[PDB]
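> Chains as they are written, first to last, in the authors' numbering: chain H, 1 to 108; chain A, 1 to 365. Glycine residues also receive a C-beta, built at the ideal position from the N, C-alpha and C atoms.
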RNA sequence: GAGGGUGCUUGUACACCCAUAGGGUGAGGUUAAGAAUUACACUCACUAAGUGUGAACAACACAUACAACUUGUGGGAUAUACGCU
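Encoded structure:
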């Protein structure tokens, strides 16, 4: 898990230079494929981390109709909400040459 | 100073510390004789403390005489030739002496004469029958009889004499719970009261009334725990934002009714069982369910009351309130299922004594 | 397979066993019948249960997990199964 408190990925959408994005592969479609797969992996990791954080503030309230205002859970969710989205993190990883990719068919 | 203690009773198993079987059997037969003499005694005392009041009533119907229970040497209207408790103790000792010890007689005498004066109100009008004591009664013995208490490390058991008979105590695997309680008496640190003794078919038990003290916690009187008791949820407790539900309808009511149904099953099946050898062998299978569901109810009630007290103490609830308990008592009274399947007096008394021990003040409304 | 015995008491489960234990019987009273014999929810009572040591149906040593452990005595009351009308 990378440091989510010091990420340089943009929070919202930005105009990314395609020449930089597809320089490593020679094809922007291939780069999008690789980045999307890395985004799926990053989303899985972030979900695991968030579930681990939320299990701490698991106030065992049996009532369901009433709305419970747990400040710590709201704070954790707020922290993970303002993070760059997994595809943005994957794009930042790709531009920094921190993604490892290989083709099974080509390597066989 | 106020009473800084709440009375408490413990069950200690005792084996007879003798080498051979015949001496053990002689001691056990002597103690069974002690039981029989104690029960016959209790009957004698209760009859002898009934009759004289009706003699008083006879004299009052004769000439309105103000005869009262007092020594005639100390009262002109007194009829008794000595103290009343002495009269009962004498009229039982003169017949049962030389077979069982007299401290049993003194303890039983006090235990009955104290209650009969309170029952005088119910006895002058008449709403109570004279007690008919059972035969399996746990007979009482006073603290003036416990002697030679020591810890014999060789046999790994406390040894003592219950009126000139050795006794090795069977804590078994109880090296903490009551272990530091008898040692708290061998060194003179805990107070003991007039105890009782039971025998249930080979085993011997001592019901020791140890006077235990209260436990002080960090409780806040302003914090209030809202407790409610129902047959669907035995305990539901509020403490601010903390909810605790103790007990389930299946584990308390359903198992209780299952034991009751099994008892009815055996009762039905005993009609055509082995016959011609007497009623006792026919009802043998019924005899198994002697105190089955009572024990189950008592255990679940203890667990539920302990969880309620633990929740109240852990949240520093210095005042526990039972919500709408009076109305639920009222509806239970005018019903059949609710009274005979929802022990609320037992729950209430366990809660009261386990909260007066911890300092929590209990309110009913 | 219920239910049980030992594993302090209670509850759950647990190891080891007993368990046609809602059974195998013994005696006393009574009843029925020509007898064998049957009968009684008539009365009383006996008989099974961890491992090792131990001649031993003697005694002693050892033997699982969690929770609880303020009871006893009596009175009032209700209901269940059985018997009679």
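Using the Cβ count rule (16 or more neighbours within 10 Å means buried), how would you classify residue 147 (chain A)?
Taking the second chain and counting its residues from 1, one reaches residue 147 (chain A) at position 147. Exposed, by the Cβ-count rule.
> So the beta strand (DSSP E) residue 78 (chain A) belongs to, where does it begin and stop?
The residue given as residue 78 (chain A) occupies position 78 in the second chain. Per DSSP, residue 78 (chain A) belongs to the beta strand (DSSP E) from 78-80.
> Which one of A:322, A:203, A:246 and A:310 has the shortest CA to CA distance from residue 11 (chain A)?
To locate residue 11 (chain A), count along the second chain from 1; it is residue 11. Among A:322, A:203, A:246 and A:310, the Cα nearest to that of residue 11 (chain A) is on A:203.
> The beta strand (DSSP E) spanning residue 193 (chain A) covers which residue range?
Residue 193 (chain A) sits at position 193 when you count from the first residue of the second chain. Careful: residue 193 (chain A) lies outside any beta strand (DSSP E) and carries neither H nor E.
> Would residue 237 (chain A) and residue 244 (chain A) qualify as a contact pair, given that the criterion is a beta-carbon distance under 8 angstroms?
Residue numbering aside, residue 237 (chain A) sits at position 237 when the second chain is read from its first letter. Residue numbering aside, residue 244 (chain A) sits at position 244 when the second chain is read from its first letter. Cβ atoms of residue 237 (chain A) and residue 244 (chain A): closer than 8 angstroms.
> Between the Cα of residue 191 (chain A) and those of A:205, A:197 and A:209, spot the shortest distance and give me the residue it belongs to.
Residue 191 (chain A) sits at position 191 when you count from the first residue of the second chain. Looking at the Cα atoms, A:209 is the closest of the given residues.
> Thinking C-alpha only, which one of A:30, A:102 and A:172 is nearest residue 13 (chain A)?
What you label residue 13 (chain A) is simply residue 13 of the second chain in a count that begins at 1. Checking every option, the nearest Cα to that of residue 13 (chain A) belongs to A:172.
> Note down, in chain order, every chain H residue with its Cβ under 8 angstroms from the Cβ of residue 243 (chain A).
By 1-based counting over the second chain, the position of residue 243 (chain A) is 243. By Cβ distance, chain H contributes 61, 62 and 63.
> Taking 8 angstroms as the threshold (C-beta atoms), are residue 38 (chain H) and residue 90 (chain H) in contact?
As a working mapping, residue 90 (chain H) is identified with position 90 in the first chain. As a working mapping, residue 38 (chain H) is identified with position 38 in the first chain. Contact: yes.
> Mapping DSSP to helix, strand and coil, what is residue 13 (chain A)?
Residue numbering aside, residue 13 (chain A) sits at position 13 when the second chain is read from its first letter. The answer is strand: DSSP assigns residue 13 (chain A) an E or B state.
> Going by DSSP, what residues sit across from residue 152 (chain A) in a beta bridge?
On the second chain, residue 152 (chain A) is found 152 positions in, with the first residue counted as 1. Answer by DSSP bridge pairing, in chain order: A:157.
> Contact between the stretch 262-279 of chain A and the stretch 316-335 of chain A is defined here as three or more beta-carbon pairs at a separation below 8 angstroms; is this criterion met?
They do not touch, by the three-pair rule.
> Pick helix, strand or coil for residue 240 (chain A), following the three-state DSSP scheme.
Taking the second chain and counting its residues from 1, the one referred to as residue 240 (chain A) is at position 240. Coil at residue 240 (chain A), not helix or strand.
> Decide if the stretch 83-102 of chain A is in contact with the stretch 123-138 of chain A; the criterion is three or more beta carbon pairs, one per stretch, under 8 angstroms apart.
Result no; under three Cβ-Cβ pairs closer than 8 angstroms.
> Name the two residues that bound the continuous beta strand (DSSP E) containing residue 169 (chain A).
The residue labelled residue 169 (chain A) in the question sits at position 169 within the second chain. That run of the beta strand (DSSP E) goes 166-169.
> Which residues in the same chain as residue 185 (chain A) place their Cβ atom closer than 7 angstroms to its Cβ, once the five residues preceding and following it in sequence are excluded?
Here residue 185 (chain A) is taken as the residue at index 185 of the second chain, counted from 1. Cβ within range, chain order: 149 and 192.
> Specify the secondary structure class of residue 130 (chain A) as computed by DSSP and reduced to three states.
Stepping through the second chain from its first residue, residue 130 (chain A) is reached at position 130. In this structure, residue 130 (chain A) counts as coil in the three-state DSSP scheme.
> What first and last residue would you give for the beta strand (DSSP E) that runs through residue 223 (chain A)?
Here residue 223 (chain A) refers to the residue found at position 223 of the second chain. First-last of the beta strand (DSSP E) with residue 223 (chain A): 220-228.
> Using the C-alpha atoms, what's the distance from residue 49 (chain H) back to residue 362 (chain A)?
To locate residue 362 (chain A), count along the second chain from 1; it is residue 362. To locate residue 49 (chain H), count along the first chain from 1; it is residue 49. Cα-Cα distance, rounded: 46 angstroms.
> So is the beta-carbon of residue 225 (chain A) under 7 angstroms away from any non-hydrogen atom of the ligand SAM?
The ligand SAM is absent from the structure shown, which contains no ligands of any kind.
> Kindly confirm or deny that the stretch 316-323 of chain A and the stretch 217-226 of chain A touch, where touching means at least three C-beta pairs closer than 8 angstroms.
Taking 8 angstroms as the limit for Cβ pairs, the verdict is that the stretch 217-226 of chain A does touch the stretch 316-323 of chain A.
> Which residue from A:360, A:307, A:143 and A:260 puts its Cα closest to that of residue 195 (chain A)?
Counted from its first residue, the second chain places residue 195 (chain A) at position 195. Among A:360, A:307, A:143 and A:260, the Cα nearest to that of residue 195 (chain A) belongs to A:143.
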